[PDB]
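**Student:** A single structure is presented below for examination.
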Number of protein chains: 2
Amino acid sequence: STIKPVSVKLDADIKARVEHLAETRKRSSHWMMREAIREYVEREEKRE
Amino acid sequence: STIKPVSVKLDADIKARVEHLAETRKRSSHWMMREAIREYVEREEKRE
């Protein structure tokens with residue numbers, strides 16, 4: 001399967017807090033946004 | 001500047017389920033990705 005790059009407009013406050021958590025959990029800020037989106041659809045689709 | 005456009009590499013499977021969920025609730029797929037990320041930091045920051 002291929003990958004689709006989507007542009008997400010984030011405010012500077014949320015974007016900075018996402019980058020801080022990745023350094024403290026040795027993750028990458030790009031990986032956590034994917035996991036944030038992935039868990040969002042999984043939770044909300046099982047409620048439909 | 002408090003507006004930063006970030007590119008998130010999403011696979012076609014997650015990219016389609018986010019847009020489908022967005023069509024069924026009339027909020028844009030872009031709005032849910034910002035809310036998906038926002039809830040991730042808020043939940044994970046209270047775990048630190």
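How things are named: the first chain in the structure tokens is A, the next is B, and so on; residues count from 1 in each chain; ligands count from 1 in the order shown.
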Should the cut-off be 6 Å, what would the residue list for chain A against chain B look like, counting only C-alpha atoms, as a PyMOL selection string?

**Tutor:** chain A and resi 2-12+33+36-37+40

**Student:** On all C-alpha atoms matched in order, how well does chain A superpose onto chain B? Give the RMSD in Å.

**Tutor:**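 The C-alpha RMSD comes out at 0.9 Å.
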
**Student:** May I have all residues of chain B that DSSP, computed from the backbone, assigns to strand (DSSP E or B), given as a count of residues only?

**Tutor:** 8

**Student:** Could you write out, as a compact mmCIF listing (two decimals) with C-alpha atoms, in the first residue's frame, all the residues of chain B that DSSP marks as helix (DSSP H, G or I)?

**Tutor:**
# COMPACT_ATOMS: atom_id res chain seq x y z
CA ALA B 12 -4.66 5.25 1.69
CA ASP B 13 -6.55 3.06 4.19
CA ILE B 14 -6.49 5.63 7.00
CA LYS B 15 -6.87 8.54 4.57
CA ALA B 16 -10.11 7.06 3.21
CA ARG B 17 -11.60 6.19 6.61
CA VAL B 18 -10.96 9.71 7.89
CA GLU B 19 -12.75 11.27 4.91
CA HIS B 20 -15.63 8.78 5.08
CA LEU B 21 -16.18 9.46 8.79
CA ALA B 22 -16.04 13.17 7.91
CA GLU B 23 -18.75 12.87 5.26
CA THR B 24 -21.13 11.12 7.68
CA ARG B 25 -20.89 13.87 10.34
CA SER B 29 -11.61 15.48 7.32
CA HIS B 30 -9.08 18.24 8.00
CA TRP B 31 -10.99 19.33 11.11
CA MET B 32 -10.94 15.82 12.59
CA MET B 33 -7.20 15.39 12.10
CA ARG B 34 -6.58 18.58 14.08
CA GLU B 35 -8.96 17.32 16.77
CA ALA B 36 -7.35 13.87 16.65
CA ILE B 37 -3.93 15.39 17.34
CA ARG B 38 -5.30 17.78 19.97
CA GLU B 39 -6.84 14.96 22.01
CA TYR B 40 -3.63 12.91 21.77
CA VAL B 41 -1.42 15.55 23.41
CA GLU B 42 -4.02 16.43 26.05
CA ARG B 43 -4.42 12.78 27.05
CA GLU B 44 -0.71 11.92 26.89
CA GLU B 45 0.42 15.08 28.68
